[PDB]
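Architecture and fold: a report
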Amino acid sequence: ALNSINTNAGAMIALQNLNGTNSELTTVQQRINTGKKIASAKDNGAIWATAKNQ
Amino acid sequence: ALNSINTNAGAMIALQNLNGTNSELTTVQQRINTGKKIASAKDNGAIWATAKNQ
Amino acid sequence: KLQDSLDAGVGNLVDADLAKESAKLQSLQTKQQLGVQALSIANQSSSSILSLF
């Protein structure tokens, strides 16, 4: 209602965007730590399985 | 929870990868020091025993 | 490695998100300040009766 005292969507949307940025940061940090894109089975199942067997 | 103040898995995984690198470094340094791949009984039991007896 | 996994799992179970708690705390503090003023407004009722007598 532009003056509500119980809720505000601006904080919710700011939180959502911050969480998205944190997730991307986590992915990049994992890449830097392990030194490779496909490190686990979550990154890419097909390529990870192929590399293990090879 | 992407904002937890009690724990973070990024530090744990970075530590694990660092320990793996340290172990590989230890193996390579042992190879350089002794000048041979199979130096002790931990490296390869069969080949070490064969070389000793021969 | 297993102990690290279990610690991370428990943390995922019971941890909070402080970014959301900050916003909730701000809104609740403002609402409490408004509630005290509203109670003060409500108290001053019936004080106008004395002028009739």
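Residues numbered from 1 in each chain as written, not as in the entry; some residues may be left out. Chains lettered and ligands numbered in written order. Part of a larger assembly, values for the part shown. Heavy atoms only, no water.

For this deposition, the record names cryo-EM as the technique by which the model was determined and cites 3.2 Å as its resolution.

**Some details on the overall build of chain A**
Scanning chain A from terminus to terminus reveals two helices and zero strands. Expected size for 54 residues packed as a compact globule is a radius of gyration near 10 Å; at 19 Å, chain A overshoots this value by more than 25%. Considered along the principal axes of its C-alpha atoms, chain A spans approximately 60 × 20 × 10 Å. Taking all 54 residues of chain A together, 2% fall into the buried category. Carbon and sulfur atoms form 55% of the exposed surface of chain A, whose accessible area is close to 4500 Å². (Helix = DSSP H or I, 4+ residues; strand = E, 2+ residues; numbered from the N terminus. Rg over C-alpha atoms; globule rule 2.2 N^0.38 Å. Buried < 20%, exposed > 50% of the residue type's maximum accessible area, 1.4 Å probe, protein only. Areas by Shrake-Rupley, 256 points an atom, 1.4 Å probe, with all protein chains shown as cover.)

**A short note on a nonpolar patch on the surface**
Taken together, C:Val10, C:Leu13 and C:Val14 make up a surface patch of nonpolar side chains, about 340 Å² in accessible area. With respect to the element layout, C:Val10 can be found in helix α1 (residues 2-14). (Patch = residues over 30% accessible without salt bridge, like charges linked within 9 Å, V, L, I, M, F, W, Y side chains within 5 Å. Salt bridge = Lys/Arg side-chain N within 4 Å of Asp/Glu carboxyl O.)

**Looking at the interface of chain C and chain B**
Each partner contributes residues to the interface: chain C has nine residues there, and chain B has eight residues. Carbon and sulfur atoms make up 53% of the surface buried where chain C meets chain B, a total of about 750 Å² over both sides. On inspection of chain C and its partner chain B, the count reaches zero salt bridges. Taken together, the elements giving at least two residues each to the side of chain C that touches chain B come down to α1 and α2 (18-43) of chain C. Looking at the side of chain C that touches chain B element by element, the count peaks at three residues for α1(C). Residue composition of the side of chain C that touches chain B, by class: three nonpolar, one polar and five charged. (Contact = heavy atoms within 4.5 Å. Buried area = accessible area lost by both parts, 1.4 Å probe. Nonpolar A, V, L, I, M, F, W, Y, C, P; charged D, E, K, R; others polar.)

**Section: the interface of chain C and chain A**
Contacts between the two partners involve seven residues from chain C and, on the opposite side, five residues from chain A. Taken together, the two surfaces of chain C and chain A that pack against each other cover about 460 Å², and 77% of this comes from carbon and sulfur. Counting across the chain C and chain A interface gives zero salt bridges. In this assembly, chain C and chain A are joined by zero residue pairs in polar contact. Split into classes, the residues belonging to the side of chain C that touches chain A amount to three nonpolar, one polar and three charged. (Polar contact = N/O pair within 3.5 Å; in protein donor to acceptor, adjacent residues only side chain to side chain.)

**Structural notes on the packing of helix α1 (residues 9-34) of chain A against helix α1 (residues 9-34) of chain B**
The interhelical angle for the contact between α1(A) and α1(B), taken along N-to-C directions, is 15°, at an axis separation of 9 Å. When the interaxial angle is binned, α1(A) and α1(B) end up roughly parallel. The interaxial crossing formed by α1(A) with α1(B) has right-handed handedness. For the pair formed by α1(A) and α1(B), the contact residues are A:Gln30, A:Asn33 and A:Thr34 on the first element and B:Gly10, B:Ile13, B:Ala14 and B:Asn17 on the second. Here the residues of the contact of α1(A) with α1(B) are counted per class, giving two nonpolar, five polar and no charged. (Axes fitted to C-alpha atoms, helices over the stretch in contact; angles between N-to-C directions. Parallel < 35°, antiparallel > 145°, perpendicular 65-115°, else oblique. Left-handed = near helix turned anticlockwise from the far one by under 90°.)

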